[PDB]
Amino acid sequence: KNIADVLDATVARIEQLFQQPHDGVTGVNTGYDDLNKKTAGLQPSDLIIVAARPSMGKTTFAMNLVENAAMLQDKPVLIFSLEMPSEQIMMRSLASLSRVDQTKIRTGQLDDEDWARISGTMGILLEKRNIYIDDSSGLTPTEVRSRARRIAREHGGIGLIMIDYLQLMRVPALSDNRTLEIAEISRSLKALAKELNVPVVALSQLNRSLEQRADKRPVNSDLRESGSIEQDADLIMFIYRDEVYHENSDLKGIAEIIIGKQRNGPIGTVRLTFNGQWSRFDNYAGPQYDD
């Protein structure tokens, strides 16, 4: 068996798992091409776990997905903000969508150019009426569920569910045992995804332990210490920014979404551009440099 025959076999095994199995987005449009190719949209009845260390932008990424879902789809998206107040989040989304520096909204002067963009943004959000935010803190799975059901009955189903980190949720009955508590939360969110037949994006923190490693890119194994989240999850995405860990790097303004697990299809990394100023992610323009 010569080199040609054996190399034929090797490229085949790569060729098989490289290509995506879906033609077009079956799930909800993420608003990011490389991610749409890898996931085929966020699938109904899939528990999706967006997990990262602090300062990676896990919350803003998840919020970008909901912002994109609101524009590219008419049915309602539901956001449970356990961390921040409703209005504190929405001001951030205005900056994100309108691409205006967030500091300028808070303190500095807002340009006539800047004012115009947020006016347009707000008009469109008022037109659609897809975004429903719940700032109630320390919610139980039953509360989260019944509230999601209420929105599903009173309007045209549900498009997307968003949980500002999962660890803020709680179950009184199991509150004494933290591992059991998280196990029930993750299970209930999966059950909820099925009933309403909707993707639920549930954020999660990661403990410091991983930062003792040399390669500090999160691995799936870092969720068993949190609890039974990895088992229940159908799609797991980690956010990593080399810039925060290393003073100077080949890539500086670049972030990367690492798919740790996907039932639907392939595992892999997707590189995105990140903006700290207006808190939004963008597609990477690697394909065409052209000098």
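Just count from 1 along the sequence shown to find any residue number.
The PDB entry reports B-factors from which the mean C-alpha value can be compared for 247-255 and 30-38; the larger average falls on 247-255.
According to the PDB record, 208-216 carries the higher mean C-alpha B-factor of the two stretches 186-194 and 208-216. As recorded in the entry, 116 carries the highest CA temperature factor of 116, 144, 161, 173. Per-chain ranking of the deposited C-alpha B factor places residue 140 in the lowest third. Per the PDB record, residue ranking by Cα B-factor puts residue 130 in the middle third of the chain. Sort the chain's modelled residues by C-alpha temperature factor and residue 226 lands in the highest third, per the entry. In the PDB entry, residue 90 places in the middle third of its chain by CA B-factor.
Residue-level temperature factors show residue 101 in the highest third of its chain, judged at the C-alpha atom.
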